[PDB]
Ligand SMILES: *[C@@H]1O[C@H](CO)[C@@H](O)[C@H](O)[C@H]1NC(C)=O
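Residue numbers (this note's numbering), protein chains in the order written: chain A, 8 to 55; chain B, 8 to 55; chain C, 454 to 696; chain D, 325 to 372; chain E, 17 to 90; chain F, 90 to 326; chain G, 9 to 115; chain H, 42 to 147.
Encoded structure:
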C-alpha cells in the first residue's frame with residue numbers, strides 16, 4: 008500500500024514510533040479499505 | 008483530488024520523480040475509490 | 454579502523470568496503486558526537502544492534518562541508534548527479550564529520566577531486582572513475598584538453614583557512630540490505646534455548662514474531678533456510694544453532 | 325524553443341580595446357561611464 | 017483542415033477453450049476491431065481467430081456474442 | 090546449430106520453502122522452447138544470463154570465464170575444477186586464447202547433465218541428472234552459490250563433447266511446489282493464449298469456457314510532431 | 009600553428025611613461041587565450057597576465073592586458089626602473105601552445 | 042615552501058637522449074598539472090609537453106614521438122625524457138605547473 012514493508016511487526020521493529028505513524032497509517036487506510044470492500048461484497052451476496 | 012493536475016502526463020512531465028509520485032498516489036486513491044463506488048452501485052442496481 | 458582510517462579517497466573515487474561476519478554494536482556510534490552528521494533513514498538510529506542484516510556496505514570519501522546535504526535519498530546536486538548517488542530506498546545511515554583538523558594542507562589540499570562533468574548522471578552506488586577529458590563543446594575532443602574540452606575532474610582546495618561551508622568533511626555512509634540469505638552480522642543480544650509448545654515471543658536471526666514453537670516433520674531441503682505460508686506469512690524457521 | 329516576456333536589443337560601436345569591457349563585473353571607462361552590464365544579466369552582447 | 021480524433025483500436029482479449037482435460041487447441045477473441053490490424057472469422061461482437069465458421073447450427077456450448085457460439089468438434 | 094529448449098530452465102527464485110501451492114512470481118528464466126545454441130570453444134556474450142547445460146561423459150568441461158575485456162585491463166571471474174576441489178577467483182590473468190593479478194576475491198571449495206544458470210549481483214544455480222541431444226522432461230535447478238563481486242560482465246567463453254547455451258528473459262512463471270516441497274511443474278505466462286489463461290486462473294486445468302486475460306492495444310507506430318503557423322519577422326535584423 | 013606577432017621588437021622609454029605591448033595572433037584566439045610573461049635578463053620567466061585580462065598573483069597593478077581575438081595588448085601605465093625587461097606573450101588556444109618572440113623594453 | 046628545482050641538464054652529443062629532473066617542494070605533482078618550458082638562447086618560450094595530474098600527458102609536435110614526461114610520486118619529482126636530440130633542441134628548460142631553468146646544449 009506504499010509503506011516500506013508489509014509486516015506490521017517488522018515496520019515497528021525497525022522504526023521508532025514518531026515516523027512509524029507515517030508508515031503504519033498507510034497500511035491502516037489500506038487494509039481498512041480492503042475489509043469494507045469484502046464486507047460489502049458479502050452483504051450484497053447475502054441478499055441474493 | 009488534491010493533486011496538482013488531472014492530467015497524468017503533466018505530473019510526469021512537470022514534477023520530479025521522487026516528488027511527482029506523491030501526486031500520483033492522490034490520483035490513484037482518488038480514481039480507485041471512484042470505481043468502487045461505481046462498481047458497488049452496479050452490483051446493487053443489478054441485483055435489482 | 455574504517456572510521457579512524459588515516460586516509461580517504463575522492464567522492465567520485467569513493468571506496469566501497471564490504472562488511473561481513475561481524476558483531477556490530479554501533480554503541481560507540483551514538484555517544485561519540487564526533488560525527489557532526491548522523492542521519493539514519495531506513496531505520497531508527499537508536500535501534501540497530503537490536504537488528505541485523507545480510508550484508509552492509511561502508512562507502513567512504515571526503516567532500517566539501519556544504520555538500521553533506523547532497524548525499525540524501527533522492528537529493529539533487531552535482532556531487533549527487535556526477536559523483537555519488539544514493540538509492541531511493543536508502544537502507545541505512547550517513548556519517549559525516551569535519552576533517553579540517555586532518556584534511557588540510559597548510560597551503561591547501563589539492564588531493565581531493567570531484568567529477569563536475571558527465572553526460573549522464575550516475576545510478577545509485579554507481580562509481581565512474583573515468584579519467585578521459587570531457588568534451589565540453591560539440592567538437593570531436595581528440596586528446597586536446599581545453600576549449601570545448603574541459604577536464605571533468607576538479608580538485609577541492611582544502612586550506613585550513615577556508616570557511617566551514619567550504620571546510621573539508623570526512624563522510625562515511627552505511628547501506629544495509631535485509632534479505633533472505635542468512636545475516637552476516639548481528640548485534641549483541643545473547644540467544645537462549647529452544648522452547649516448545651508455549652505462546653512465546655521469538656526472534657530468530659533477526660526475524661521477529663510471536664507464537665508457539667513446535668518441531669515439525671517438514672522435509673526441508675538441505676539448503677532451504679525456512680518456509681512460508683500461502684498468506685506469504687512465516688510457516689517454519691530453522692534454528693541457526695540446530696538444523 | 326523558449327521565450328520571454330520581452331527582448332531588448334541595444335546597438336552602438338566601440339573601439340576594439342573596449343570590447344572586453346561589456347561583460348558582467350567588467351571595470352572600464354565604457355563599463356563605468358558609458359554602458360554597464362549588471363551582474364545577473366539574462367542576455368548577451370554581439371559585436372562584429 | 018478539421019481533423020477528427022479517434023482513440024485507435026484497443027480491446028480485451030479472450031480465450032475460447034474446451035476443457036484442458038479434453039484438448040489444448042484454443043481460439044482467441046479480439047473484441048470489436050476490423051482485425052486487419054491484428055481461418056479468421058468476423059463477428060458483430062469482435063474478431064475470432066483459430067476457429068472455423070460453420071453454416072450449420074447447434075446448441076450453444078460456449079457463448080461468444082450476438083448469437084455466435086463456439087464448440088470443439090470434428 | 091540450434092535446438093528446442095523444451096521445458097528446462099527453472100530454479101527456486103529464493104530459499105523459501107513452500108508446499109503444494111501454485112505460486113506466481115517474476116524473474117529471469119529461459120523462455121520455453123527457445124533456440125539454444127549447440128556446440129562442439131568460442132566466446133559468447135552474457136547480456137543478461139545464460140542457461141548453460143552440458144552433457145558430460147569424459148568430464149572435459151572444467152569451468153567458465155566471464156567479463157568484458159577477457160584479459161588484463163580489468164578483472165574477470167574464473168571457475169576451475171582440478172580433480173581436488175572447485176576453485177574460484179576474480180583476478181586479471183594473462184588469458185590465453187583458449188587454455189586448458191591485481192585481485193580481491195577468491196573461493197575454493199554423457200549421462201551427467203551438469204546444468205547451470207548464471208545471473209546478475211552474481212548467483213549460481215545448477216542441477217546434476219542422469220541422462221542418455223537435450224532431453225525433454227522437467228527438473229528444478231537448486232541454488233548452489235552466491236558470489237559477491239558485482240563485476241561488470243558482458244561476455245564469456247567456456248573452459249573445456251557438447252553443451253548448449255540459453256538466454257534468460259524477464260517473464261513471469263507459475264511454479265507448483267510439491268508436497269515434499271519441490272518444484273515439480275511450471276507454466277510460462279506469456280508463451281501462448283492457453284498459457285496466458287492458466288496464469289490468469291492460477292491453475293493447471295481449465296474448465297471449458299471463456300477467459301479474459303490481457304488487453305489488446307494498438308501501439309502508436311510513431312510520435313509525430315506538429316509546430317504552429319509562424320508569426321511575423323520584426324526588426325531584430 | 010598560432011604565431012603571435014609582437015610589435016615593436018624594441019621599445020625605449022623613460023620612467024613614468026605608458027608602455028604598450030602589442031600582440032597579434034595569426035588566427036583569432038578564442039576566449040582571450042593570452043598569457044603574458046616578463047623575463048628579466050638572467051632571470052626565469054615570470055607570469056604577468058593570465059587570460060589576457062587576469063593579472064598574475066602579486067604582479068603590480070601597473071601591468072594591464074587588453075585586446076580580443078587577434079589582438080592582445082599589454083599596458084604598463086607607469087614605467088618602473090625594473091620594468092625594462094623582455095616581455096613574451098603565449099597563446100594557448102590550440103594544442104600547439106605557442107609564444108611570441110618577445111618585446112624588449114629599453115631605456 | 043614552494044620550489045621547483047631543475048636537474049639533469051648539460052652538454053649532449055647529437056642524436057643522444059636526456060632525462061630531466063624537476064624536484065618540487067610543497068606541491069603535489071600528481072595532484073596539479075605540470076608542464077616543461079624551454080627557451081632557446083635569444084628566443085621566446087616554447088611549450089614542449091604538459092602532464093595532467095590524473096596522468097594524462099601531451100607533447101608539442103616538435104617533440105612528438107621523441108619526448109616522454111612522467112612523474113615519480115614516490116619522490117614527487119617531475120621528469121622530462123627526450124630522445125633523438127639535435128642542435129635545434131638547445132634551449133633553457135624550466136619546469137612549471139615555475140622552476141629555475143636548465144640549459145640544454147646539443
Ligand atoms: C553455533 O554452535 C553450534 C553448536 O556447536 C553449531 O551447530 C552452529 O553451527 C554454530 N553456529 C552456526 C549458526 O552455525
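Beta carbons are placed, not taken as given, at the ideal position from N, Cα and C, and that holds for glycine.
Contact belief for residue 565/C with residue 603/C at Cβ below 8 Å, rounded distance in angstroms = The pair is not a contact, with the Cβ atoms about 19 Å apart (cut-off 8 Å).
Buried or exposed by the 16-neighbour rule on C-beta atoms within 10 Å, applied to residue 287/F | buried
Which residue from 115/G, 101/G, 109/G puts its Cα closest to that of residue 117/G?
-> Only positions 9 to 115 of chain G appear in this structure, which leaves residue 117/G out of reach.
Report yes if the CB atom of residue 452/C is closer than 8 Å to the CB atom of residue 621/C, and no otherwise.
-> Missing from the structure shown is residue 452/C; chain C here goes from 454 to 696 and no further.
Please list the residues of the segment 89-107 of chain G that have a C-beta atom closer than 8 Å to any C-beta atom in chain H, keeping them in chain order.
-> 96, 98, 100, 103, 104, 105, 106, 107
Should residue 183/F be listed as close to ligand 1, given that the test is whether its C-beta is under 7 Å from any heavy atom?
-> Residue 183/F Cβ: outside cutoff for every heavy atom of ligand 1.
What's the gap between the Cα of residue 56/E and the Cα of residue 64/E?
-> Those two C-alpha atoms are separated by around 6 Å.
Based on the DSSP output, what are the partners of residue 197/F in its beta bridges?
-> 176/F
Measuring alpha carbon to alpha carbon, tell me which of 143/H, 56/H, 75/H, 55/H ends up nearest residue 117/H.
-> 75/H
Residue 124/F at chain E interface by Cβ criterion, 8 Å | no
Could you give the residue range of the beta strand (DSSP E) that holds residue 216/F?
-> First-last of the beta strand (DSSP E) with residue 216/F: 211-219.
Taking only the alpha-carbon atoms, compute the straight-line gap between residue 500/C and residue 208/F and give it to the nearest angstrom.
-> 34 Å
Check each candidate in 607/C, 580/C, 652/C, 542/C and name the one with the smallest Cα separation from residue 587/C.
-> 607/C
In the segment 294-317 of chain F, which residues sit with their C-beta less than 8 Å from some C-beta in chain E, listed in chain order?
-> 294, 295, 296, 297, 298, 299, 300, 301, 302, 303, 304, 305, 306, 307, 309
Span of the alpha helix (DSSP H), counted from its first residue to its last, around residue 24/B = 24-54
By DSSP, does residue 346/D sit in helix, in strand, or in coil?
-> If DSSP states are grouped into helix, strand and coil, residue 346/D belongs with coil.
Those runs of the beta strand (DSSP E) which lie wholly inside the segment 583-646 of chain C and span at least 3 residues = 606-608, 621-630
Using the C-alpha atoms, what's the distance from residue 54/B back to residue 53/A?
-> About 11 Å.
Report yes if the CB atom of residue 624/C is closer than 8 Å to the CB atom of residue 514/C, and no otherwise.
-> yes
Exposure of residue 641/C, with buried meaning 16 or more beta-carbon neighbours within 10 Å | exposed
Quiz: which residues have CB nearer than 7 Å to ligand 1 non-hydrogen atoms | 693/C, 694/C, 695/C
So, using beta-carbon positions, are residue 510/C and residue 628/C closer together than 8 Å?
-> yes
Apart from the five residues just before and just after residue 143/H, which ones in its own chain have a Cβ nearer than 6 Å to its Cβ?
-> 47, 50, 134
When burial is assigned at 16 or more other CB atoms within 10 Å of the CB, is residue 69/E buried or exposed?
-> By the neighbour-count rule (16 or more Cβ atoms within 10 Å), residue 69/E is not buried but exposed.
Buried versus exposed call for residue 115/G [16 or more other C-beta atoms within 10 Å across all chains shown] = exposed
Length of the line joining the Cα atoms of residue 51/F and residue 153/F | Outside the shown range of chain F (90 to 326) lies residue 51/F, about which nothing can therefore be said.
Apart from the five residues on each side of it in sequence, which residues of its chain come closer than 8 Å, Cβ to Cβ, to residue 682/C?
-> 688
Unbroken alpha helix (DSSP H) run spanning residue 288/F, endpoints = 282-290
Just grab the DSSP bridge partners of residue 233/F for me.
-> None, per the DSSP bridge assignment.
DSSP beta-bridge partners of residue 665/C = 652/C
Three CB pairs or more closer than 8 Å across the segment 262-276 of chain F and the segment 227-236 of chain F | Short answer: they touch.
Find the residues of chain H that neighbour residue 41/G, judging by a C-beta separation of less than 9 Å, and give them in chain order.
-> Those do not exist, as residue 41/G stays about 12 Å from chain H at its closest Cβ, beyond 9 Å.
Taking 8 Å as the CB-CB cut-off, is residue 504/C touching chain A?
-> yes
Test: residue 57/E CB closer than 8 Å to a CB of chain F = no
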